[PDB]
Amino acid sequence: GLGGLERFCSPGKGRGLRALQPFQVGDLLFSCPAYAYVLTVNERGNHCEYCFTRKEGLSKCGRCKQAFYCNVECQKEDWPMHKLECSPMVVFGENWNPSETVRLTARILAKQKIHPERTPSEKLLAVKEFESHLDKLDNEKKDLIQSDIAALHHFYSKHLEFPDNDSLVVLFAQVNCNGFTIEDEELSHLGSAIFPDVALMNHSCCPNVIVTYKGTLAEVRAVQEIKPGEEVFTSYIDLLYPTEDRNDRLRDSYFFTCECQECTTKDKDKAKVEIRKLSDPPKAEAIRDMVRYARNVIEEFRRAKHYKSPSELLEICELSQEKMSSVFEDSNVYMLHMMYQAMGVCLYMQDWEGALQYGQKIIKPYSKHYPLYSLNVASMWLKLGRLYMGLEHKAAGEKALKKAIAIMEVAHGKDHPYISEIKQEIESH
């Protein structure tokens, strides 16, 4: 197993992870090497396929030209997985477009074929043991899984020996339920992976640990004091949103309802949905209406970024912020959501000043809505710092970068490469 920890049966939460020794804030509970992993398409050329190292001068694979490595060693070590896609990419050409989930599942089947025995990634929980929630699956989800299976057969039949359809539905359900996205220091999507021992940890909206990544290695560090006998909880989702929203996402994606202290007490819900202090206070139904509108624009925008222009997206942000501002405070999380999206759009257009402008409005409410140590907060400080630095504002930049470092030392560990890079950024300028 894993020192100082154990698997146990958590009442009403199936299997979980329990502490057998004390852990202090910033302490490393354990590490877990990726069982299976895939670099996201948009990051190819920026990161090594095999180890996810971010570097310039990465060597291009001579056959497909769509995989990049640190060196010949990374290339060679990655080949057992990359061969599933190398020739297929050139053959299908423009038609090669499997979803990330399919790519990961293909790699899972490949690993199962090469290494059927228990791996060092499965010291407490095996991939085969993953919870699937197959029985809870509705028509929409079964249809999505079937599409995924069809894509799997479509692009990966060359090297894979498929089980029956039923087992593939089980596998895909397990992947949706237990899979992790890997993000960088800015919380930018890097890829997807399976970390079986890490997936043992249950969810809480007030978690006592955070998961970070060191290449393809998952790391789990305490963000709260943990005492022997206490269950170890991580957050599966963005904790910015109020209780109802959080539970809608947890129910939809993970088929459960959280009963943590935050969901029960609902302490932060009031401040999260802060209402303007108007002479004539807004009626209850007007609040419910604006909240409904807010969720609708969130979904609408989600769709719009796929085909609308950057100016249209900014228009949606500005106009929606304008409508919401009559009822909602600037510190309101839906306002913050639109501001964050707008910041992202500004960043894409290389409109640095506008992005800084929004981020400054975003950072403090983030600090108040998120838990004490939050990758979202650290990441926001980091973005702000890099914008200030890029715009020649070294004192403000140094201050924000040091705030980011201060959180990340706890979450990533004092010796993490991301921190060395940030310190290098401070010293170089």
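The first residue of the shown sequence is 1; numbering continues from there.
Discussion item. If you take the mean CA temperature factor per stretch, which one wins between 139 to 147 and 219 to 227?
Written reply: Per the PDB entry, the higher value belongs to 139 to 147.
Discussion item. Comparing average C-alpha B factors as deposited, tell me which of 210 to 218 and 118 to 126 sits higher.
Written reply: Comparing averages over the C-alpha atoms only gives 118 to 126.
Practice prompt. Check the PDB entry and point out which of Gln321, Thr181, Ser253, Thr105 has the largest C-alpha temperature factor.
Written response: Within the set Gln321, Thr181, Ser253, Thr105, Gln321 shows the top C-alpha B-factor.
Fill in: Which of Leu109, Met89, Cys260, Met335 ranks first by CA B-factor in the deposited coordinates
Out of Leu109, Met89, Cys260, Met335, the record gives the largest C-alpha B-factor to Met335.
Discussion item. Taking only the Cα B-factors deposited for this chain, tell me whether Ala67 sits in the lowest, middle or highest third.
Written reply: Middle third of the chain for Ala67's C-alpha B-factor.
Worksheet entry | Assigned third (lowest, middle, highest) for the C-alpha B factor of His154 | CA B-factor rank for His154: lowest third.
Worksheet item: When the modelled residues of the chain are sorted by Cα temperature factor, does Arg54 land in the lowest, middle or highest third?
Response: Its C-alpha B-factor belongs to the middle third of this chain's values.
Worksheet item: In terms of the CA temperature factor given in the entry, to which third of its chain does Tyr241 belong: lowest, middle or highest?
Response: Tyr241: CA B-factor falls in the middle third of its chain.
Discussion item. Using only modelled residues of the chain, where does the Cα B factor of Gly359 rank: lowest third, middle third or highest third?
Written reply: Answer is highest: the recorded C-alpha B-factor places it there.
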